[PDB]
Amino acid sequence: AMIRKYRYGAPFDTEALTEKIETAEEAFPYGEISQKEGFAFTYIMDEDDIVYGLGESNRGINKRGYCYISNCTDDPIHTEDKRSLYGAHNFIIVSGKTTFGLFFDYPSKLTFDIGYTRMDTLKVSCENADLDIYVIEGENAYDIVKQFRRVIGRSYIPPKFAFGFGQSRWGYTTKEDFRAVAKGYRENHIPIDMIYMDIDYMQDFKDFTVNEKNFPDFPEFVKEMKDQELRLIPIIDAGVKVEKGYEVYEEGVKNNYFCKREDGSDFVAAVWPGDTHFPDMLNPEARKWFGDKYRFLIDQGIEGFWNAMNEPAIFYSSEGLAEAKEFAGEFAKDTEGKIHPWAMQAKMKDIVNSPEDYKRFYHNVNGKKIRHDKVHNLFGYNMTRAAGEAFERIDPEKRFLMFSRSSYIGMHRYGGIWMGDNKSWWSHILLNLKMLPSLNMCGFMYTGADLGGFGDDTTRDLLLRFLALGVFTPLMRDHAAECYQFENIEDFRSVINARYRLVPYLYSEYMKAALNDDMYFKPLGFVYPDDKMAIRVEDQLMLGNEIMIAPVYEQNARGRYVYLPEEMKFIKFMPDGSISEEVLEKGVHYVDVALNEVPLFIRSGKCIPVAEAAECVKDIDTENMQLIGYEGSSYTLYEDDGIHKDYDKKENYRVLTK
């Protein structure tokens, strides 16, 4: 009925959809198809149309006016003109006079030209006609989203402590390092629940090993942190150090579980341990094997993991180094002057994340050898899928905090996503704002962002406004790839206290959203669809059905412009400890927000619950909460033990009335 599936060629099953829709046999109902140059789709948009989605992808919530290319890559520099971020979320709503949604179930290089070559023209293409095209009717954009949400399955749900706050640096290497963070926060009284561990804890960066020199009794140290409510969340990477003696290597080579070269040799890429191998994350039997190895950490009392470099990030193949060194040879000996620097420098960038490497290894998918580039956008998803499915087999009752980098629709069921990295800019505060609804639409709701940072290119004031946004993002971490190493820490504790008074509500909204296949964040145009101003707004988000966030994202700003499409109450989490309220009429306002003040808006006839600031998710008292909002309203607070897969019950639901 409401969704149809138009199939071309022999599509590779991506297990995106948990609903098996059958192959509709009529002509494609929107625009022209052309298989002239591979495969192409061509909708002519009405001037008034808004394009929604593509999950994690550049630019605005309304995507018109630029190209975007589904292809999972590691740029570290996320500039206004890059075509490919980390995820490949192939789902867009054309919302205007004529309205529909289109998931493009394709695992390779998909190019979306949304009014870039020609401003009324929408053109999606790819090199091969082997893909499924799901077409989704609807009353409006939101409705189309909640349809798609139903068929991609339920979105992954995190343990409650994952809604706590989290610290990390890419440099912490000893017991002494982590201990400082602890001392740091706990002594100065800054709420925290998780500390992140980065590659340096690993035995020469080997996967599933801990440093035996700085961590001789690691499970004992894990207790020492857990005892203070400080769950360590270690990193895991796609590459496996080639090393004689090392088990994970030896088993992966013995048993044919690595991605191979065409002749059959285990392929070598080069990462943090240098010479790596990759798990063939599309061989179910290798997926199982890898997933199962996390048991080595879980057993030491680890309750959470994150995946990085699952693009897969390659620094250089064994092949690319050999041509590189050739060309440097030829360059060093040229005296006639015909190999200029820029071409030597260009071959250097060429060997990084090389399109020519991704055609040099293969996945063994139940009988078939399939060259990676054909299934490139599937590796991170399947790596994340290998972990989640191992959590079910290893401890089925308990939820683990899992979140990865590279992504694909279908992944949303096994962990979250962290929105990106590597420079500390103000434009990112807003770049990360506009990614959320799109991530929501494609089922990624447990997301959050990171402030890379060329040195300490991270100024006190950036960090505050940044944390101000994070307060609302289900994932909220500080990871320098501290609050207590600045001036006026009382300013940080305030922003972080605000997080913890909202943990009971934000969880309730996340849990409710996930269980019902609905949206945690929404653009304004989902909630106020018949207001032509509202629909064009790009820097304020609706969360659940109760509130509206408009973070400050300008440097040195002392407050920002807002439009309210209905009466709202203007709340400010104050440093002093109090909560200011002010009733604002529908429309255009300027609102004074201070670096140390965390802002939000309660809608007319609504209320949220607000706890007393606490120092960890365990010690939050969710009994006698104060009800902020409007003087009649009632709110439905979802709340569980927060550790187990136990969601359907009636004890969770509880109706609070202001």
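Don't overthink the numbering: it's just position in the shown sequence, from 1.
- In this entry, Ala481 is separated from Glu482 by 4 to 9 residues of the deposited sequence that have no coordinates.
- As listed in the deposited structure, the average C-alpha B-factor of 467 to 475 and of 391 to 399 is greater for 391 to 399.
- Averaged over Cα atoms, the B-factor as recorded in the entry is higher for 68 to 76 than for the other of 126 to 134 and 68 to 76.
- Among the modelled residues of the chain, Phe39 sits in the highest third by CA temperature factor in this PDB entry.
- Split the chain's modelled residues into thirds by C-alpha temperature factor. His277 is in the middle one.
- Among all modelled residues in its chain, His89 ranks in the lowest third by Cα B-factor.
- When the modelled residues of the chain are ordered by their C-alpha B factor, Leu637 lands in the lowest third.
- In this PDB entry, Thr209 carries a Cα temperature factor that places it within the lowest third of its chain's modelled residues.
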